[PDB]
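Report on the structure given below.
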Amino acid sequence: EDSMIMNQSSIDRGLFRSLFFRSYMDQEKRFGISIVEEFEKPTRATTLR
Amino acid sequence: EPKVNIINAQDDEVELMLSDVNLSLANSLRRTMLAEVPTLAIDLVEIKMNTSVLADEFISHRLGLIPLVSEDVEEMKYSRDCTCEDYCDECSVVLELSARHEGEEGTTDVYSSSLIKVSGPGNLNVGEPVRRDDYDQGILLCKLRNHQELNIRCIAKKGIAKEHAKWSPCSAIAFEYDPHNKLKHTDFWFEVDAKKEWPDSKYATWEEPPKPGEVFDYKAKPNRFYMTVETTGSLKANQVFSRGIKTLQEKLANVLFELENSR
Amino acid sequence: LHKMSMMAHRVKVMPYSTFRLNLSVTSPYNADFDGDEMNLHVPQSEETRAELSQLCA
Amino acid sequence: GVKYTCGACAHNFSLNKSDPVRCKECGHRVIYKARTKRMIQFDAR
Amino acid sequence: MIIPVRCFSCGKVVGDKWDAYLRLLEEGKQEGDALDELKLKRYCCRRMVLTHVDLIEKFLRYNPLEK
Amino acid sequence: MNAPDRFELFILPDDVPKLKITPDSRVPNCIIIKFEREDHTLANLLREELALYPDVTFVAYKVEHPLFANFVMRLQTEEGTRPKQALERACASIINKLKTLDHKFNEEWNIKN
Amino acid sequence: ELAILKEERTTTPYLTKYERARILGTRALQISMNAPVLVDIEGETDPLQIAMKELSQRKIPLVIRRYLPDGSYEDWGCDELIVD
RNA sequence: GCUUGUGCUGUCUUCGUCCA
Ligand SMILES: [Mg+2]
Ligand SMILES: [Zn+2]
Ligand SMILES: [Zn+2]
Ligand SMILES: [Zn+2]
């Protein structure tokens, strides 16, 4: 049914091995004259949710 | 009763003939040499700096596949069987590679001869990467241009090809019996004539071709087996053959011990 | 397309990330192994389990 | 406190969360974080 | 990208023969004759060296990101 | 993600025995042996050694699934002999054969070197 | 009114497959909710298997009310319906 | 004396996967 058998030793030696890259994006939005998002490490005391 | 005859002999390949043995015994010996003879290979890679164009796991995979000298690996212990804390000298070998390109032009090649053995078992011949000659450079690992450096620390451990193919001592084992097809174990596909459409075996001159007036012998069994064992350099061919025999004997003795202990 | 596209099977827990079928049931599902995907539904009650095991098996 | 690297002249510097994101010497607008100091290990398989 | 260390099919070490192969091709030998000289008999091993594309030479032409 | 550890093919768990023997009551003098963390390499060797014994009337093995490293053997012997004794004799005989094979190989290698 | 006297019951005297499935499910649920069992269980633990054992011995204490299209109904005991 | 935090958008568009 269109299946195939592959050699596990060939896989171990590097057959069809591949690299995968994924990128994420983020930026600081401007909401008002002084309301700006900030890149920082949040803390359970000062930060909510 | 079993007999061995050697046709060609070399450090990295032996071509022999097995006679008066069962087909199952020869096949089990082939399988044991392919998958169950222990060797030494790099298993853990600590990367202290890598500014090359190759990914870290790429270089780690390439390092795993480098054949190391495994002559005394029988005296070493398995890492999971060693009571030591972390890695010690009785279950691991430590190698270190440090490469850099000096100058603002050209390219530097990183070879497996640049791997330096730092620690290992005392007086055991294990750990050094295999080299064909004294002037051989070895396996190409990476390439570096200006301001690119590679600094790694590798740990070589003992294992078998069942866990990963990097621990296999052999590359390919040719195996063949009955070149003239007297046992009729294969039925030859043909268009006009099977005899002249199929190339002759390389051992066809080692056996007498069947007579035209001969009738099929139903009492015969495969008796003579031709096999060539090619090694990667981590072990010599005779060492591989002897250790395969020893591994099979140990497996059988373990079965016998379990049987006797079952009572 | 028809009621043999939904049938009740018995679970066998196995490694790797695919569903595994006997090859004789690929005809009622009209399925092959060149990239197809199939869905699985778990009953949540004794009555519903009995219905699956006695009617849709 | 945190090291960076310029995207053009590969110069290393530091930022204090108050300077503009720029290279000091060539004024490129693109900078990259430096690699961590934690131990990095691979299984060579 | 860079020459594989082992043959995919059988695992023979082919990663130490790339520079010798390029040298032999420089001297004017045919590709089949060069592969014969390097003792690559099985066509599984001959495929590894005959069909390899060296992409690392293109990757090395970009300036290093750290100095 | 769902791939099992490769060392599970040959490393025996603490709670899993290497060998489990149960009788097969359908026919007389038959046992079923379950081998753990083994494959065709030992199975075929033992089967074709046992098949040549005059007092062994039935011997077979099967690997139920290739994703699990185990096989099950069925062994039936004559009235006088017990199947476990036949299995022990087969193991000892193969060990002796491998011993003389190794001796002759070492002799021939020393001769030719 | 809507009930039909036991002497003039005209529906089939066999347990259909839908009735068998529903009765097994309901009995298994009741057994799993600590209802008394009417058969001797040797080593069985699964409620569905116990329900099947009860069905085979005609010991299920349930009644099937079969509805006719006009609204009337017939009451059949699980012990008087033939089960294959 | 010091104690571990408890969740997620909408609407279109395009490109794809397995059948048909
Ligand atoms: Mg399909
Ligand atoms: Zn140790
Ligand atoms: Zn700059
Ligand atoms: Zn090859």
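If you're wondering about the labels, chains in the structure tokens are A, B, ... by order shown, residues count from 1 in each chain, ligands from 1 in order shown.
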May I ask you to write as a PDB file with N, CA, C and O atoms (P, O5', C5', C4', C3', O3' and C1' of nucleotides), in the first residue's frame all residues lying at most 10 Å from ligand 1, with only C-alpha atoms (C1' of nucleotides) and all ligand atoms counted?
```pdb
ATOM      1  N   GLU A   1       0.840  -1.219   0.000  1.00  0.00           N
ATOM      2  CA  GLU A   1       0.000   0.000   0.000  1.00  0.00           C
ATOM      3  C   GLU A   1       0.865   1.254   0.000  1.00  0.00           C
ATOM      4  O   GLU A   1       0.601   2.187   0.757  1.00  0.00           O
ATOM      5  N   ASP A   2       1.893   1.271  -0.824  1.00  0.00           N
ATOM      6  CA  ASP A   2       2.813   2.397  -1.011  1.00  0.00           C
ATOM      7  C   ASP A   2       3.699   2.647   0.201  1.00  0.00           C
ATOM      8  O   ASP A   2       4.399   3.647   0.222  1.00  0.00           O
TER       9      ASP A   2
ATOM     10  N   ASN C  30     -11.070   2.703   2.191  1.00  0.00           N
ATOM     11  CA  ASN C  30     -10.510   3.256   0.950  1.00  0.00           C
ATOM     12  C   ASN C  30      -9.227   4.036   1.246  1.00  0.00           C
ATOM     13  O   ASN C  30      -9.036   5.172   0.817  1.00  0.00           O
ATOM     14  N   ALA C  31      -8.353   3.414   2.028  1.00  0.00           N
ATOM     15  CA  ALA C  31      -7.157   4.062   2.529  1.00  0.00           C
ATOM     16  C   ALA C  31      -5.907   3.380   1.996  1.00  0.00           C
ATOM     17  O   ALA C  31      -5.908   2.182   1.705  1.00  0.00           O
ATOM     18  N   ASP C  32      -4.841   4.163   1.870  1.00  0.00           N
ATOM     19  CA  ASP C  32      -3.513   3.653   1.577  1.00  0.00           C
ATOM     20  C   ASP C  32      -2.512   4.418   2.430  1.00  0.00           C
ATOM     21  O   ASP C  32      -2.861   5.374   3.122  1.00  0.00           O
ATOM     22  N   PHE C  33      -1.261   3.980   2.393  1.00  0.00           N
ATOM     23  CA  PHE C  33      -0.234   4.465   3.308  1.00  0.00           C
ATOM     24  C   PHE C  33       0.750   5.415   2.638  1.00  0.00           C
ATOM     25  O   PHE C  33       1.948   5.379   2.911  1.00  0.00           O
ATOM     26  N   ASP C  34       0.262   6.279   1.750  1.00  0.00           N
ATOM     27  CA  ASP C  34       1.106   7.271   1.097  1.00  0.00           C
ATOM     28  C   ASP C  34       0.850   8.686   1.615  1.00  0.00           C
ATOM     29  O   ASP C  34       1.001   9.657   0.874  1.00  0.00           O
ATOM     30  N   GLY C  35       0.457   8.813   2.875  1.00  0.00           N
ATOM     31  CA  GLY C  35       0.207  10.111   3.469  1.00  0.00           C
ATOM     32  C   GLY C  35      -1.181  10.308   4.040  1.00  0.00           C
ATOM     33  O   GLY C  35      -1.471  11.405   4.535  1.00  0.00           O
ATOM     34  N   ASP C  36      -2.062   9.310   3.981  1.00  0.00           N
ATOM     35  CA  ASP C  36      -3.417   9.446   4.498  1.00  0.00           C
ATOM     36  C   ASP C  36      -3.415   9.612   6.013  1.00  0.00           C
ATOM     37  O   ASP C  36      -2.474   9.231   6.709  1.00  0.00           O
ATOM     38  N   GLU C  37      -4.500  10.186   6.517  1.00  0.00           N
ATOM     39  CA  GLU C  37      -4.712  10.370   7.944  1.00  0.00           C
ATOM     40  C   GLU C  37      -6.110   9.899   8.302  1.00  0.00           C
ATOM     41  O   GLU C  37      -7.030   9.960   7.485  1.00  0.00           O
TER      42      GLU C  37
ATOM     43  P     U H  17      -0.371  19.270  -2.630  1.00  0.00           P
ATOM     44  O5'   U H  17      -0.763  18.380  -1.378  1.00  0.00           O
ATOM     45  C5'   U H  17       0.187  18.086  -0.367  1.00  0.00           C
ATOM     46  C4'   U H  17      -0.448  17.284   0.731  1.00  0.00           C
ATOM     47  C3'   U H  17      -1.396  16.199   0.255  1.00  0.00           C
ATOM     48  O3'   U H  17      -0.712  15.019  -0.104  1.00  0.00           O
ATOM     49  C1'   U H  17      -2.430  17.452   1.969  1.00  0.00           C
ATOM     50  P     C H  18      -1.206  14.163  -1.361  1.00  0.00           P
ATOM     51  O5'   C H  18      -2.454  13.377  -0.778  1.00  0.00           O
ATOM     52  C5'   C H  18      -2.284  12.423   0.257  1.00  0.00           C
ATOM     53  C4'   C H  18      -3.613  11.927   0.752  1.00  0.00           C
ATOM     54  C3'   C H  18      -4.570  11.465  -0.327  1.00  0.00           C
ATOM     55  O3'   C H  18      -4.252  10.167  -0.794  1.00  0.00           O
ATOM     56  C1'   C H  18      -5.721  12.807   1.252  1.00  0.00           C
ATOM     57  P     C H  19      -4.742   9.675  -2.240  1.00  0.00           P
ATOM     58  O5'   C H  19      -6.303   9.500  -2.053  1.00  0.00           O
ATOM     59  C5'   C H  19      -7.263   9.581  -3.090  1.00  0.00           C
ATOM     60  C4'   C H  19      -8.581   9.554  -2.374  1.00  0.00           C
ATOM     61  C3'   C H  19      -9.816   9.617  -3.243  1.00  0.00           C
ATOM     62  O3'   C H  19     -10.223   8.345  -3.715  1.00  0.00           O
ATOM     63  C1'   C H  19      -9.985  11.196  -1.439  1.00  0.00           C
TER      64        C H  19
END
```
Find the residues of chain A in contact range of chain D, meaning any atom within 10 Å when counting only C-alpha atoms, and list them as a PyMOL selection string.
chain A and resi 12-14+39-40
Hey, can you spit out that residue selection with N, CA, C and O atoms as an mmCIF file, in the first residue's frame?
```
data_model
loop_
_atom_site.group_PDB
_atom_site.id
_atom_site.type_symbol
_atom_site.label_atom_id
_atom_site.label_comp_id
_atom_site.auth_asym_id
_atom_site.auth_seq_id
_atom_site.Cartn_x
_atom_site.Cartn_y
_atom_site.Cartn_z
ATOM 1 N N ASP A 12 21.203 5.873 10.565
ATOM 2 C CA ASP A 12 22.225 6.179 11.561
ATOM 3 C C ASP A 12 23.449 6.826 10.933
ATOM 4 O O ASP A 12 24.124 7.625 11.589
ATOM 5 N N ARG A 13 23.757 6.499 9.685
ATOM 6 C CA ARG A 13 24.924 7.070 9.033
ATOM 7 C C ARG A 13 24.633 8.399 8.345
ATOM 8 O O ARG A 13 25.564 9.029 7.843
ATOM 9 N N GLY A 14 23.377 8.841 8.314
ATOM 10 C CA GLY A 14 23.068 10.173 7.838
ATOM 11 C C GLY A 14 22.202 10.272 6.599
ATOM 12 O O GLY A 14 22.162 11.324 5.960
ATOM 13 N N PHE A 39 10.759 45.174 26.716
ATOM 14 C CA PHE A 39 11.403 43.866 26.745
ATOM 15 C C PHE A 39 12.126 43.729 28.077
ATOM 16 O O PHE A 39 13.090 44.453 28.341
ATOM 17 N N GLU A 40 11.675 42.796 28.910
ATOM 18 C CA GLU A 40 12.259 42.604 30.231
ATOM 19 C C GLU A 40 11.836 41.246 30.761
ATOM 20 O O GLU A 40 10.940 40.599 30.219
#
```
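All residues of protein, DNA or RNA that reach within 12 Å of range 28-33 of chain D, judged by only C-alpha atoms (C1' of nucleotides) and not counting those fewer than 6 positions away in the chain, are residues 1, 2, 3, 4, 5, 6, 7, 8, 9, 10, 11, 12, 13, 14, 15, 20, 21 and 22 of chain D; 65 and 66 of chain E.
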Selection above as a file: C-alpha atoms, as an mmCIF file, in the first residue's frame:
```cif
data_model
loop_
_atom_site.group_PDB
_atom_site.id
_atom_site.type_symbol
_atom_site.label_atom_id
_atom_site.label_comp_id
_atom_site.auth_asym_id
_atom_site.auth_seq_id
_atom_site.Cartn_x
_atom_site.Cartn_y
_atom_site.Cartn_z
ATOM 1 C CA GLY D 1 26.022 43.282 31.432
ATOM 2 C CA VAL D 2 24.979 41.429 28.277
ATOM 3 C CA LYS D 3 27.374 41.011 25.365
ATOM 4 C CA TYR D 4 26.425 41.777 21.769
ATOM 5 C CA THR D 5 28.039 41.626 18.333
ATOM 6 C CA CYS D 6 27.678 43.956 15.362
ATOM 7 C CA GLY D 7 26.103 42.595 12.197
ATOM 8 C CA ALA D 8 28.612 44.367 9.938
ATOM 9 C CA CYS D 9 32.046 44.738 11.570
ATOM 10 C CA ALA D 10 31.667 41.905 14.163
ATOM 11 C CA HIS D 11 32.623 44.166 17.077
ATOM 12 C CA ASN D 12 31.796 43.184 20.658
ATOM 13 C CA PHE D 13 30.328 45.572 23.229
ATOM 14 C CA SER D 14 27.715 45.767 25.985
ATOM 15 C CA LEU D 15 24.406 47.524 26.613
ATOM 16 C CA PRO D 20 20.105 53.010 21.446
ATOM 17 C CA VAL D 21 20.432 49.691 19.637
ATOM 18 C CA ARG D 22 23.414 50.572 17.423
ATOM 19 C CA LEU E 65 29.966 36.522 12.153
ATOM 20 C CA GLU E 66 32.314 36.531 15.174
#
```
Could you find all residues in chain E that DSSP calls helix (DSSP H, G or I) from the backbone, and write them as a PyMOL selection string?
chain E and resi 18-27+31-37+43-50+56-59
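The shell of residues at most 9 Å from residue 31 in chain G, with only C-alpha atoms (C1' of nucleotides) counted and near chain neighbours (fewer than 5 positions) removed, consists of residues 26, 36, 37, 47, 48, 50 and 51 of chain G.
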Those selected residues, please, written with N, CA, C and O atoms and delivered as a short mmCIF file (atom, residue, chain, number, x, y, z; two decimals), in the first residue's frame.
```cif
data_model
loop_
_atom_site.label_atom_id
_atom_site.label_comp_id
_atom_site.auth_asym_id
_atom_site.auth_seq_id
_atom_site.Cartn_x
_atom_site.Cartn_y
_atom_site.Cartn_z
N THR G 26 -26.64 -1.11 29.68
CA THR G 26 -27.33 -0.68 30.89
C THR G 26 -26.97 -1.58 32.08
O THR G 26 -26.69 -1.08 33.18
N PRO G 36 -26.42 -5.38 42.84
CA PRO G 36 -26.27 -6.82 43.10
C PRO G 36 -26.26 -7.64 41.81
O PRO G 36 -27.02 -7.38 40.88
N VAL G 37 -25.39 -8.64 41.79
CA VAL G 37 -25.25 -9.54 40.65
C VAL G 37 -26.06 -10.80 40.93
O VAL G 37 -26.08 -11.29 42.06
N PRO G 47 -17.33 -5.44 34.10
CA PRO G 47 -18.80 -5.39 34.16
C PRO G 47 -19.50 -5.86 32.89
O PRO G 47 -20.58 -6.45 32.98
N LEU G 48 -18.92 -5.61 31.72
CA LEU G 48 -19.54 -6.05 30.47
C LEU G 48 -19.54 -7.57 30.36
O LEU G 48 -20.52 -8.17 29.89
N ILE G 50 -19.51 -9.70 32.91
CA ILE G 50 -20.50 -10.16 33.88
C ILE G 50 -21.91 -9.99 33.33
O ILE G 50 -22.78 -10.85 33.52
N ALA G 51 -22.17 -8.86 32.65
CA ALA G 51 -23.48 -8.64 32.04
C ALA G 51 -23.76 -9.67 30.94
O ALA G 51 -24.89 -10.15 30.82
#
```
Residues contacting ligand 2 - anything with an atom at most 9 Å away, using only C-alpha atoms (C1' of nucleotides) and all ligand atoms - can you give me those as a list in words?
residues 77, 78, 79, 80, 81, 82, 83, 84, 85, 86, 87, 88, 89, 90, 91 and 92 of chain B
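CA of residue 36 in chain A to CA of residue 24 in chain D spans 25.2 Å [interatomic distance, one decimal].
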Neighbourhood of ligand 4 at 12 Å, counting only C-alpha atoms (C1' of nucleotides) and all ligand atoms, reported as a VMD selection string:
(chain A and resid 9 to 10 13) or (chain B and resid 170 to 173 230 232) or (chain E and resid 4 to 15 39 to 49)
Could you please take those selected residues and save N, CA, C and O atoms as a compact mmCIF listing (two decimals), in the first residue's frame?
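Contents of the output file selection23.txt:
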```
# COMPACT_ATOMS: atom_id res chain seq x y z
N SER A 9 20.45 1.37 9.66
CA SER A 9 21.87 1.69 9.69
C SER A 9 22.21 2.84 8.75
O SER A 9 23.06 3.68 9.06
N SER A 10 21.52 2.90 7.60
CA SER A 10 21.69 4.04 6.70
C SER A 10 21.19 5.33 7.35
O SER A 10 21.80 6.39 7.17
N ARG A 13 23.76 6.50 9.69
CA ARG A 13 24.92 7.07 9.03
C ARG A 13 24.63 8.40 8.34
O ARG A 13 25.56 9.03 7.84
N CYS B 170 32.61 -3.79 11.10
CA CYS B 170 32.63 -4.18 9.70
C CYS B 170 31.88 -3.18 8.84
O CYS B 170 30.98 -2.48 9.32
N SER B 171 32.26 -3.10 7.57
CA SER B 171 31.48 -2.36 6.60
C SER B 171 30.53 -3.29 5.84
O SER B 171 29.32 -3.22 6.02
N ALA B 172 31.07 -4.23 5.09
CA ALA B 172 30.23 -5.13 4.32
C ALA B 172 30.83 -6.52 4.36
O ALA B 172 32.05 -6.69 4.22
N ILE B 173 29.97 -7.51 4.54
CA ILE B 173 30.38 -8.90 4.58
C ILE B 173 29.76 -9.59 3.38
O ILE B 173 28.55 -9.83 3.35
N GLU B 230 35.23 -7.25 5.66
CA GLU B 230 35.92 -5.98 5.51
C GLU B 230 35.70 -5.15 6.76
O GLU B 230 34.56 -4.98 7.20
N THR B 232 36.57 -1.51 9.18
CA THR B 232 36.76 -0.07 9.07
C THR B 232 38.11 0.40 9.60
O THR B 232 38.40 1.59 9.52
N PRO E 4 30.45 12.90 3.21
CA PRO E 4 30.08 12.05 4.35
C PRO E 4 31.23 11.16 4.79
O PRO E 4 32.08 10.76 3.99
N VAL E 5 31.27 10.88 6.09
CA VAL E 5 32.33 10.06 6.66
C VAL E 5 32.20 8.62 6.19
O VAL E 5 33.18 7.99 5.77
N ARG E 6 30.99 8.07 6.22
CA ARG E 6 30.74 6.68 5.87
C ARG E 6 29.79 6.60 4.69
O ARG E 6 28.99 7.49 4.45
N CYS E 7 29.92 5.51 3.93
CA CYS E 7 28.94 5.18 2.91
C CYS E 7 27.60 4.87 3.57
O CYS E 7 27.55 4.20 4.60
N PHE E 8 26.52 5.39 2.99
CA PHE E 8 25.19 5.20 3.58
C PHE E 8 24.78 3.74 3.59
O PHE E 8 24.18 3.27 4.56
N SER E 9 25.10 3.00 2.54
CA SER E 9 24.59 1.64 2.39
C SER E 9 25.36 0.64 3.23
O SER E 9 24.76 -0.19 3.92
N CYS E 10 26.69 0.69 3.18
CA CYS E 10 27.50 -0.31 3.87
C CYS E 10 28.38 0.23 4.97
O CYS E 10 28.78 -0.54 5.84
N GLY E 11 28.68 1.52 5.00
CA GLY E 11 29.47 2.05 6.09
C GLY E 11 30.96 2.06 5.90
O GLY E 11 31.69 2.16 6.88
N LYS E 12 31.45 1.91 4.67
CA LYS E 12 32.87 2.04 4.41
C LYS E 12 33.28 3.50 4.58
O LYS E 12 32.53 4.41 4.21
N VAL E 13 34.46 3.73 5.14
CA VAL E 13 34.94 5.09 5.37
C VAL E 13 35.34 5.68 4.02
O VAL E 13 36.33 5.25 3.42
N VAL E 14 34.57 6.65 3.54
CA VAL E 14 34.87 7.36 2.30
C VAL E 14 35.25 8.81 2.55
O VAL E 14 35.52 9.53 1.58
N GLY E 15 35.29 9.25 3.80
CA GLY E 15 35.57 10.63 4.12
C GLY E 15 37.02 11.03 4.08
O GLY E 15 37.34 12.21 4.27
N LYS E 39 40.19 2.38 -4.71
CA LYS E 39 39.75 1.07 -4.21
C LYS E 39 38.29 1.09 -3.76
O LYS E 39 37.92 0.45 -2.78
N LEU E 40 37.45 1.82 -4.49
CA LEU E 40 36.01 1.83 -4.25
C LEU E 40 35.39 0.90 -5.28
O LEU E 40 35.16 1.29 -6.43
N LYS E 41 35.11 -0.33 -4.87
CA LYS E 41 34.64 -1.37 -5.79
C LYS E 41 33.12 -1.41 -5.89
O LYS E 41 32.58 -1.42 -7.00
N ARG E 42 32.43 -1.45 -4.76
CA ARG E 42 30.97 -1.50 -4.77
C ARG E 42 30.40 -0.18 -5.25
O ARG E 42 30.89 0.89 -4.90
N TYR E 43 29.36 -0.26 -6.09
CA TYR E 43 28.79 0.96 -6.66
C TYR E 43 28.05 1.80 -5.63
O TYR E 43 27.81 2.98 -5.88
N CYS E 44 27.70 1.22 -4.48
CA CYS E 44 27.14 2.01 -3.39
C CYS E 44 28.16 3.02 -2.86
O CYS E 44 27.80 4.16 -2.54
N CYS E 45 29.43 2.61 -2.76
CA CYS E 45 30.48 3.53 -2.34
C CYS E 45 30.88 4.49 -3.46
O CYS E 45 31.25 5.63 -3.18
N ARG E 46 30.84 4.02 -4.70
CA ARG E 46 31.15 4.88 -5.84
C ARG E 46 30.12 5.99 -5.99
O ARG E 46 30.46 7.11 -6.41
N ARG E 47 28.86 5.70 -5.68
CA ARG E 47 27.81 6.72 -5.71
C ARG E 47 28.08 7.85 -4.73
O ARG E 47 27.82 9.02 -5.04
N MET E 48 28.60 7.52 -3.54
CA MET E 48 28.85 8.52 -2.50
C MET E 48 29.84 9.58 -2.95
O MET E 48 29.65 10.77 -2.69
N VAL E 49 30.91 9.17 -3.62
CA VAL E 49 31.94 10.11 -4.06
C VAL E 49 31.59 10.73 -5.42
O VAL E 49 31.90 11.90 -5.66
```
List as number ranges by chain the protein and nucleic acid residues near residue 51 in chain C, meaning an atom at most 9 Å away when only C-alpha atoms (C1' of nucleotides) are counted, but skip any in the same chain fewer than 3 places from it.
C: 46-48, 54-56; G: 18, 21-22, 24-25
Those same residues, written as a PDB file, in the first residue's frame with C-alpha atoms?
```pdb
ATOM      1  CA  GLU C  46     -20.093   1.787  29.730  1.00  0.00           C
ATOM      2  CA  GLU C  47     -23.223   1.933  27.558  1.00  0.00           C
ATOM      3  CA  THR C  48     -21.319   3.655  24.757  1.00  0.00           C
ATOM      4  CA  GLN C  54     -21.634  -4.984  19.924  1.00  0.00           C
ATOM      5  CA  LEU C  55     -22.792  -2.958  16.903  1.00  0.00           C
ATOM      6  CA  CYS C  56     -19.895  -1.228  15.121  1.00  0.00           C
TER       7      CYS C  56
ATOM      8  CA  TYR G  18     -30.157  -3.130  19.286  1.00  0.00           C
ATOM      9  CA  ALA G  21     -26.570  -3.897  22.904  1.00  0.00           C
ATOM     10  CA  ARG G  22     -28.676  -1.523  25.020  1.00  0.00           C
ATOM     11  CA  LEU G  24     -25.750  -5.157  27.937  1.00  0.00           C
ATOM     12  CA  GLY G  25     -24.707  -1.509  28.261  1.00  0.00           C
TER      13      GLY G  25
END
```
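Residues from chain C found within 8 Å of chain F are residues 15, 16 and 17 of chain C, counting only C-alpha atoms.
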For residue 145 in chain B, find every residue with an atom within 9 Å (counting only C-alpha atoms (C1' of nucleotides)), except residues of its own chain fewer than 6 positions away, and show them as JSON, numbers by chain.
{"B": [52, 100, 101, 102, 103, 104, 105, 106, 107, 108], "E": [60, 61, 63, 64]}
Would you export the selected residues with C-alpha atoms as a PDB file, in the first residue's frame, please?
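Everything below was put into again28.pdb:
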```
ATOM      1  CA  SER B  52      32.327  27.453  11.869  1.00  0.00           C
ATOM      2  CA  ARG B 100      41.789  27.648  14.274  1.00  0.00           C
ATOM      3  CA  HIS B 101      42.719  29.470  11.085  1.00  0.00           C
ATOM      4  CA  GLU B 102      45.619  31.912  11.386  1.00  0.00           C
ATOM      5  CA  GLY B 103      45.870  34.625   8.754  1.00  0.00           C
ATOM      6  CA  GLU B 104      43.313  36.646   6.833  1.00  0.00           C
ATOM      7  CA  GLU B 105      43.351  34.530   3.656  1.00  0.00           C
ATOM      8  CA  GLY B 106      42.900  30.882   2.757  1.00  0.00           C
ATOM      9  CA  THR B 107      41.025  28.007   4.339  1.00  0.00           C
ATOM     10  CA  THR B 108      42.102  25.476   6.981  1.00  0.00           C
TER      11      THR B 108
ATOM     12  CA  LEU E  60      32.708  29.762   3.463  1.00  0.00           C
ATOM     13  CA  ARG E  61      32.594  32.773   1.120  1.00  0.00           C
ATOM     14  CA  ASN E  63      32.290  36.798   6.116  1.00  0.00           C
ATOM     15  CA  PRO E  64      32.528  35.302   9.637  1.00  0.00           C
TER      16      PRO E  64
END
```
Report, in Å with one decimal, the straight-line distance from CA of residue 7 in chain G to CA of residue 83 in chain G.
20.8 Å
Quick one: residues within 8 Å of range 26-41 of chain F, only C-alpha atoms (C1' of nucleotides) counted, chain neighbours fewer than 5 positions away excluded, as an MDAnalysis selection string?
(chainID B and resid 27:28 31:32) or (chainID F and resid 8:12 16:21 63 69:79 82:83)
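Between CA of residue 112 in chain F and CA of residue 7 in chain B there is a distance of 9.3 Å.
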Please, which residues of range 28-235 of chain B, numbered as in this document, come out strand (DSSP E) from DSSP, as number ranges by chain?
B: 39-50, 68-70, 93-100, 108-111, 116-119, 126-129, 140-144, 149-159, 170-177, 224-231
Which residues of chain A are close to chain H, meaning at most 10 Å apart when you count only C-alpha atoms (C1' of nucleotides), and how do they look as a ChimeraX atom specification?
/A:43-45,48-49
